[PDB]
């Protein structure tokens, strides 16, 4: 039963990471993920309708580790939301450098996953996630404005974009040129540089 279904789902997802990583999403089909996993073909199709659905499963496995700190950062009851957002970003960067799984998935998302008309769902998916992530940072930022943590007149919306843009470019930079930027030693300076932009930038106000 159940136990055995939910072990081969883990086996499928794990061969998917390895296969998308070696060969990229474009030219890896479910047929090939099946063989690496050792499962059958019908195993995969019961589990995952198609490739876009599997890509979304990997992208979802990234949320688990950061869950708690993000919903706390976002609740208007919490009294130190910018410190919750700070500590999230520290955990996001640490996990990236320490957890090879997390780094591998991010490198698939960033450097091995094309947007083509062939599978529009991958693009669509991604637009949702960045919108989701946008919705959260905004609420959290608004919370920091009320709590007088960041300038009281701040554009929460444009600040959320600046910040997402900075964190995303930084992750991508290090995925590309790791031995350049020591993300694990200065990790505090990287998170803080971005956060400074939100409290000091006049361009982000009004």
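Residue numbers count along the first chain shown, from 1. For clarity, a rigid core is taken as the largest C-alpha set superposing within 1.5 Å between two forms.
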| query | finding |
| --- | --- |
| Higher-deviation stretch (C-alpha RMS, rigid core fit) in 4 other deposited structures of this protein, choosing from 40 to 48 and 170 to 178 | 40 to 48 |
| 167 to 175 versus 134 to 142 - greater average Cα B-factor per the deposited record | 134 to 142 |
| Segment of higher mean CA temperature factor, 6 to 14 or 183 to 191 | 6 to 14 |
| Among 127, 75, 91, 106 - the residue whose C-alpha B-factor is largest in the record | 75 |
| Residue 120 CA temperature factor, ranked by third within the chain | highest |
| Chain-wide C-alpha B factor ranking for residue 71, given as lowest, middle or highest third | highest |
| Chain-relative CA temperature factor third for residue 161 | lowest |
